[PDB]
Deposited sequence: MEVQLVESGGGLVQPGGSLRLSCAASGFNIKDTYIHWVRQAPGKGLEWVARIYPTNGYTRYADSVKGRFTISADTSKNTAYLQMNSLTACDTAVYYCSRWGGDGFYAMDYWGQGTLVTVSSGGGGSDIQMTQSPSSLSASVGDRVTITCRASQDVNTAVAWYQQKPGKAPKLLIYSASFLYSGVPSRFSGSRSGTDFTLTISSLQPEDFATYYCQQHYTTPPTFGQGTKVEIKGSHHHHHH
């Protein structure tokens, strides 16, 4: 019989979710060798994550998955397993199952075809437009955000200067936060929200974020960079 490793169980998983992969072997007994799991992020290299020697119950894990991943085996079914908990986007990869040659052979002579795990939507998504805009000092700037669902008027606007923390400008769609200059203003038109700077001042060149607090969790727009007309800046 031909030596063969067949992985299964991959698919799309929500972040923080969990998944169990299996690797069915034929042509040999997994009891007599180490079974490894090696993964490959899309377009990246190879990373060993775990191995098991079912005869002795030996298991080893890479530091990047220790405490999160569990390797096991069922020799009666000649199948190894990889249990993956609290998955993140950095776990998206093709998960290969492989084996050592046995005896004093420590290269991986046989690999499975691989199974793809993709770690991924009820959150309210906010879409700001444009992504960036150039303006001259004193111009009238208007930035728009669109909520994927109705958020009443529970929308806030924040300004962030490079290297600094965000600072609140507008709350409840149209109320000016105390201390924020008069040239800033907000408005709503259904699911469309607008931030308006009447006459641009040099200290207003920054990135602006919309945010909804109608429901949990709070979600931000991707941001709008407002820079001076010209190149490099």
query	finding
Stretches with no C-alpha position, numbering per deposited sequence from 1	121-124, 238-241
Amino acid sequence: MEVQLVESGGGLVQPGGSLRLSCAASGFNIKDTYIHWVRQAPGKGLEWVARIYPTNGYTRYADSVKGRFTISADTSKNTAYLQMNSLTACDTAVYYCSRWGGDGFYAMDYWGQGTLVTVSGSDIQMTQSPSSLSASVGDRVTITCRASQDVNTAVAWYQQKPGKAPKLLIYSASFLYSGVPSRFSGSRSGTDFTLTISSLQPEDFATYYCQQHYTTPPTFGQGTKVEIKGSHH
From here on, numbers count along this sequence of modelled residues.
property: 106-114 versus 129-137 - which carries the larger mean C-alpha B factor in the record; result: 129-137
property: Stretch with the higher entry mean CA B-factor, where the candidates are 67-75 and 148-156; result: 148-156
property: Which of 34, 208, 193, 205 ranks first by CA B-factor in the deposited coordinates; result: 193
property: Candidate residues 198, 172, 59, 40, the one whose C-alpha B factor the record puts highest; result: 198
property: Third of the chain, ranked by Cα B-factor, where residue 188 sits; result: highest
property: Third of chain Cα B-factors occupied by residue 5; result: middle
property: Third of the chain's Cα B-factor distribution that residue 168 belongs to, per the entry; result: lowest
property: Within-chain third of residue 179 by Cα B-factor, per the entry; result: middle
property: CA B-factor placement of residue 88, once the chain's modelled residues are sorted into thirds; result: middle
